[PDB]
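Using ideal geometry, Cβ is built from the backbone for each residue, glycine included, and neighbour counts are taken over all protein chains shown. Every number in this text was worked out from the coordinates using simple rules, so none of it is lab data.
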Amino acid sequence: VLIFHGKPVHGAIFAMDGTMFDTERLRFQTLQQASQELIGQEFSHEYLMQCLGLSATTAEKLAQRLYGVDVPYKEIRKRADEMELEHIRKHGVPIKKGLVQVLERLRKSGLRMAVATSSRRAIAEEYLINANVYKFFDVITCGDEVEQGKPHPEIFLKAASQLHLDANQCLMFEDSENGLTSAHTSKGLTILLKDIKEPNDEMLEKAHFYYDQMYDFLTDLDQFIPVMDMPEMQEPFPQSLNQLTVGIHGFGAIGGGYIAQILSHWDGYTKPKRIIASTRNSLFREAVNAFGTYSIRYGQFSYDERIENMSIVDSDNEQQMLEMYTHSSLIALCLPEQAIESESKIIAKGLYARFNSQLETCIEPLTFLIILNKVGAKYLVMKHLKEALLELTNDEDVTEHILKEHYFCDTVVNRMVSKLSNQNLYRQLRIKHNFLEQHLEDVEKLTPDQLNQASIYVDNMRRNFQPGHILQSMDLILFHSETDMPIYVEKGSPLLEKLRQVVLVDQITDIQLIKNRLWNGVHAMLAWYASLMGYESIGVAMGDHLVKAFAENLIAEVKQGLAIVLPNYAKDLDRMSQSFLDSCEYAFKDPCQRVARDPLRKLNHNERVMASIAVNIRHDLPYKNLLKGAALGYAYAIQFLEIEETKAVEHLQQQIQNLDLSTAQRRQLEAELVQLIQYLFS
Amino acid sequence: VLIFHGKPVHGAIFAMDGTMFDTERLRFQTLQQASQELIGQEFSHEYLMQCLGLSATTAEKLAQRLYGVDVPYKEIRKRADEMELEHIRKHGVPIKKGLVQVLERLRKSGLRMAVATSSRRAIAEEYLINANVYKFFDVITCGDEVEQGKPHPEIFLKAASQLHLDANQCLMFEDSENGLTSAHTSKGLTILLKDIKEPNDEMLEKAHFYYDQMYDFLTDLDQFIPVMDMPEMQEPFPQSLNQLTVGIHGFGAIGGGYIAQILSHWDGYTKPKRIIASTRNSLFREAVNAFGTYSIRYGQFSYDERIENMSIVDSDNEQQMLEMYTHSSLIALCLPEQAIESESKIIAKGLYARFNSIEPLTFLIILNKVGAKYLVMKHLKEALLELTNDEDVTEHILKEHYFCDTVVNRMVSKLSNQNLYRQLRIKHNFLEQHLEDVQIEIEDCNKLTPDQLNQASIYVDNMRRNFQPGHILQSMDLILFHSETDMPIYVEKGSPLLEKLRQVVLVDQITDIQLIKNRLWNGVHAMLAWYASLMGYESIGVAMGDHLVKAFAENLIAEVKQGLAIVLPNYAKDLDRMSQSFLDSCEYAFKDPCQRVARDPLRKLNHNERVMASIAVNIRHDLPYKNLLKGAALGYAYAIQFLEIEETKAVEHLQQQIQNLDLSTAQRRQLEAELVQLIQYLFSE
Ligand SMILES: O=P(O)(O)OC[C@@H](O)[C@@H](O)[C@H](O)[C@H](O)CO
Ligand SMILES: O=P(O)(O)OC[C@@H](O)[C@@H](O)[C@H](O)[C@H](O)CO
Ligand SMILES: [Cl-]
Ligand SMILES: [Cl-]
Ligand SMILES: [Cl-]
Ligand SMILES: [Mg+2]
């Protein structure tokens, strides 16, 4: 049962104009233009304000009081409605920000829903179908269907009666003083949203709850509806689109093959209407924009996940990058460490444009996710961003205001993704182009007035849509990824509170430590073992029984010490361990060289190998596989990276001396480690 | 792990040419043509038969012995491969029937899968991408990557090693003599499929399992493959398309708004590549054919379910209707009672053309009637006699095909033509505005030659101009039906095709689910209509607003459910789900009037009908029947007041039905007094 502010709610009834849609402001202009053309004067602001919530019949009676019994209101209204339907035909129904997010929350909560509007059925059905919100309502009650319109309670009492609920079990959404009175008298749980009239004390008194805008009600409603569970593999994305735009700065492997799935799942109720991703790969950009979508292939389940509403922009195109930072609510920076410095100038330009623009998107702060498998990624990005903003604005006050306005969130990503090579994309485009060519070979009770009009609609639609019919079973595969779902994100941004694929953490350091030791540690040691055994990738190495056994034992050893050091992360350790082993199995596009790089840095006392050894020695847990991994590291540095034996031993003795162990444990470790290194050289 | 005939398998390694695809017959023709051109003569049939399973390098050595050390086999093979790739680019890769159905079952069973082919890597990857099967394999092993090709086991050993499995844990699929020897020598669990060569005694002995075609293995695998659970609301359809075609004879509310979802879910592993639906509504027909798809709207969850691969044909088009009966595997007849007479002539023409041109057709009867199969088979057999004039052929057609009546609980409403016109007008305007918002030159891309970039620019430009107008279809649905969320269809057991369909519930006897439909669905519906009419309401949905009518429906559905659980305890789980589904569908049934449902009260008040039979069952099993007794009293009150049935004539019927009920003399006299008192109490109000 949906509980809202202590009250059990079973239904929700909405006023349409001014509450769901921003159509009262447009109607003010059409009625003013139609009255100017017919009675030589515009309808006053006072008359049009008094009309809010009234049906065309009651608004006609009000026009006869102020302008005279012979006022041609029916002719003025008819002309205004025609101009209004023409504006809606050219630009669409202006939907109040957050409406579909609210509707999907109430629908998924099991509420019976209705519209109670003073507008006539024809206009109401036009706007509800045009805005694609008609599907959310069981009942529609209109102004031309009630004897006593607003402020009389009849229309709300009738909508509640048609939903088979008492008015007091219904939330009633209103914007006008007349409408609010109708809903309040009916006995509904009134929710007043500000539209044109600044609510007076009488409106604020009878309203059960008041919000300045639909988004503010959405924020309150979120406290009464749950955060959806972590998505499963193959679970579909939400159908409904909200009005938000999200951005992926860097359409590489993790951005396209992972962040896009996170952003497409959004909160489970709705998903962004547009995802802007930036890349310098022209082939990738043009391919996505030709299809409108791309797909992520998950080899394990042979499942192609389609990422809809994608828009790929050129990274070097200043105007497209400004649009991403000006229209987006969330931006995920998915750049390599090498690109941070040069890209910070583009991030600065976009954040400065967001600061200067007067749009209704730049008012809310931006949530900036920093996606980088490096400890201190947030600090590296923030330092470069501050430098770039300072030289661009040449104003310390503007720079500080920008860096304090937004939520810069550090993250822990575990999913392994591989971006398709340009040669493989080219081959895919060549094969699917021939399919498109073959598809083009195969395809080559109404009045007569509207039956001929329908023939034009259907012909124009068949001509434009037919070539794209092949997209029903044709995907643009761009990424091959693993099945790891959760992204660990720093808590703080309120925009992250409902994202179902995000795991919020108060401090990111604990899951960063787990990532470093359990994931990166076992990965670097597995790469050193595989490099010395002659394998060029982890996936090929996993074919060797001794390599697969080493990986299973090495992760079981690290996890054992981590379960004691961080018992609050016990389930995460079990999940990440199996995730690592599953992702290592067929990792053919994961070369050993990149994973085994910088072995002396990875063999430091506080790094991914020696720190786990010290923990297992301090808690009397086995460490033979961890010792073998450390020995493989020093052997790899000497045999492959040409590091002198004298420097490897000097580094070995320095890190062991830095470890928090007894003198006996340090000596035993040093002797066992040097013994294994000498044994490897045979 | 997968238990296939007792054998535990962790992997599945497949040969490509001849096993997965029918490319050995095409390669035979291209090699005959290429040799004819370059050496003046066609390669002998014996040389090409010996080449089956061999790599291009091994086939070259064999050609040097039989034709001379200086034969241009490399030139002939390159020329034959180019003619084959041209044929494959046009017609597509010819997939062996059932391949994707097999791959998806092995993949969902958690098997590690690989391809071990004597074909060149560039040819193999191209064919697997083309046929959309590449995604089913973790690793591919090709003929140009081993030192010794088939019949040497190296390639099947390497495919198992790269899968990280022992060869004796992998099912190995083969078709040729050379390929089978490579698989058998590797120690894998060999499965032989018949391709070009007739399997000799040496091959039949080597093979652990033998099948004449890929579809035979699919039927054998289905014995060890678990059937998928009943689909849930909003659960997506399978991504993989099989090669089957299905048909819906009658694209109305039940055909388009229900059967299409069952056919789209299919078995959960794959779904038919094409669903042909017939209709006389040219506005509906041309709309689906313009969009490519249509959607079913489920108001309860505000969910639009898109139905893909639909092909709407004209019911009067003889050619299109004949094509539906010859290409389809399953056909659902979704036409009303009145159309049966005229449409039976079209079904007769289609079924006659099917046996003139292989597998038995599974025909589903989708019509609301206990014995609707009789009406269809009566007019169908009469149409076959006046068209074929042969009783011996007519008897063979009706005996081979799987004709089966069904029980449908879902209520669906077809969109009106006026509402469809408004929708077309609003969506056309969206397309028109989208076209106002909307050549490509790709450069500076690494690892691609300047000519490859120019060629990619052409492909992508052609794709952009063709797909761009249809980009709006990602969030634009062609809503044609408004449907309830009732999922299971009850079908007569018999057809083996219906054994794996996840949305189909097979029954031992259809009489049992027809009786449940009569007492639980039609029974409570009639008793609700009688109550609503006497209360003053003229609609079922309007009556649900009255709290006493809603509680009466919940109390009626509970008393009938308890009784039906004693008589038919096999449908205990079905009864509880059908009860809630009935209440959810009655809630907003404003479209359905009360006069239609409350029609003929005395016939529905018979001892064996939807009211008294439930009362007698409850009395005999000491279950409560107070609301069922009120429902019977409302039926007589409605007949007396609304239908001008004499009060004495209603009491005589009341006494006769109670006497026909299997109850004791004491229970009959108690029921009669209880019923008469309730009828007199209704007149007092
Ligand atoms: O009950 P609603 O808020 O859905 O719609 C009321 C409008 O029709 C009404 O406010 C008119 O726009 C107004 O009366 C015209 O001046
Ligand atoms: O191992 P497969 O069955 O996937 O492929 C074998 C073919 O490459 C081979 O049979 C050629 O078609 C043959 O060598 C041409 O004459
Ligand atoms: Cl929104
Ligand atoms: Cl700002
Ligand atoms: Cl200041
Ligand atoms: Mg990070």
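Candidates in the stretch A:108-123 are the residues that are within 13 Å of chain B (Cβ to nearest Cβ) and either within 12 Å of A:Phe137 (Cα to Cα) or within 31 Å of the chain's Cα centre (by Cα) (or both); of these, the one that is farthest from ligand 6 (Cβ to nearest atom) is A:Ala114. For the stretch A:363-419, residues that are within 16 Å of ligand 4 (Cβ to nearest atom) and out of contact with any strand residue (DSSP E or B) (no Cβ under 7 Å at 6 or more places or on another chain) total 19. Criterion first (more than 16 Å from ligand 1 (Cβ to nearest atom) and either closer than 18 Å to B:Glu177 by Cβ or crowded, with 16+ Cβ neighbours inside 10 Å (or both)) does B:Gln50 satisfy it? So B:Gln50 passes the test.
Could you tell me whether the stretch A:303-314 includes any residue that is surrounded by fewer than 22 Cβ atoms within 10 Å (Cβ to Cβ), among the small types (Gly, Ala, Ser) and more than 21 Å from the chain's Cα centre (by Cα)? Checked against the condition, which is being surrounded by fewer than 22 Cβ atoms within 10 Å (Cβ to Cβ), among the small types (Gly, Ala, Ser) and more than 21 Å from the chain's Cα centre (by Cα), the stretch A:303-314 yields no hits at all. The residue of the stretch B:106-136 that is nearest to ligand 3 (Cβ to nearest atom), among those that are among the charged types (D, E, K, R) and touching a strand residue (DSSP E or B) at 6+ places or on another chain (Cβ under 9 Å), is B:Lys135. Of the residues examined, A:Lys150 is not one that is more than 15 Å from ligand 1 (Cβ to nearest atom) and either buried (at least 22 other Cβ atoms within 10 Å of the Cβ) or not β-branched (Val, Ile, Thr) (or both).
A Cβ distance below 8 Å, combined with a sequence gap of six or more or placement on separate chains, defines the contacts here; from the stretch B:441-452, residues that are at the interface with chain A (Cβ under 7 Å from one of its Cβ atoms) reach no residue that is among the hydrophobic types (A, V, I, L, M, F, W, C) and part of a loop (DSSP other than H, G, I, E, B). For the stretch A:24-40, the count of residues that are more than 14 Å from chain B (Cβ to nearest Cβ), closer than 25 Å to A:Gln213 by Cα, polar (S, T, N, Q) and within 9 Å of ligand 1 (Cβ to nearest atom) is zero.
Of the strands (runs of 3 or more DSSP E) lying entirely inside the stretch B:256-370, those containing at least 3 residues that are hydrophobic (A, V, I, L, M, F, W, C) span B:274-279, B:310-314, B:328-333, B:362-365. In the stretch B:584-601, of all residues being surrounded by 16 or more Cβ atoms within 10 Å (Cβ to Cβ) and in a helix (DSSP H, G or I), the one that is nearest to the other protein chains (Cβ to nearest Cβ) corresponds to B:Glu587.
Results for (1) surrounded by 18 or more Cβ atoms within 10 Å (Cβ to Cβ); (2) aliphatic (A, V, I, L, M), shown as yes or no for each residue.
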site	(1), (2)
B:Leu193	yes, yes
B:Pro199	yes, no
B:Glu202	no, no
B:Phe224	no, no
B:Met230	no, yes
B:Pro236	no, no
B:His249	yes, no
B:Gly268	yes, no
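Filtering the stretch B:70-80 for residues that are under 17 Å from B:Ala124 (Cα atoms), of a type in the set (A, V, I, L, M, F, W, C) and more than 16 Å from ligand 6 (Cβ to nearest atom) leaves a non-empty set. The sole residue among A:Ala530, A:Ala549 that is in a helix (DSSP H, G or I), surrounded by fewer than 23 Cβ atoms within 10 Å (Cβ to Cβ), within 14 Å of another protein chain (Cβ to nearest Cβ) and of a type in the set (A, V, I, L, M, F, W, C) is A:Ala549. Restricting attention to the stretch A:73-82, which residues are of a type outside the set (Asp, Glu) and surrounded by fewer than 16 Cβ atoms within 10 Å (Cβ to Cβ)? Within the stretch A:73-82, A:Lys74, A:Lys78 qualify. Of everything in the stretch B:84-103 that is part of a helix (DSSP H, G or I), within 14 Å of chain A (Cβ to nearest Cβ) and under 11 Å from B:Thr23 (Cα atoms), the residue that is nearest to the chain's Cα centre (by Cα) is B:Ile88. Checked against the criterion of being acidic (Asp, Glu) and within 16 Å of ligand 3 (Cβ to nearest atom), the stretch A:34-44 contains not a single residue that satisfies it. Among the residues of the stretch B:622-651, those that are under 17 Å from B:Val597 (Cβ atoms) and surrounded by fewer than 16 Cβ atoms within 10 Å (Cβ to Cβ) comprise B:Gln641, B:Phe642, B:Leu643. For the stretch B:458-475, the criterion of being touching a strand residue (DSSP E or B) at 6+ places or on another chain (Cβ under 6 Å) and either more than 9 Å from chain A (Cβ to nearest Cβ) or of a type in the set (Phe, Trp, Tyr) (or both) is satisfied by no residue at all. Within the set of pairs 6 or more residues apart or between chains, which connect a residue that is within 26 Å of A:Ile259 (Cα to Cα) inside the stretch A:386-415 to a residue that is more than 13 Å from ligand 4 (Cβ to nearest atom) and among the acidic types (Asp, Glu) with Cβ atoms less than 6 Å apart? Final answer for the pair search is A:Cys409/A:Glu490; A:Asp410/A:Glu490; A:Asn414/A:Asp484; A:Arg415/A:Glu482; A:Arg415/A:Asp484.
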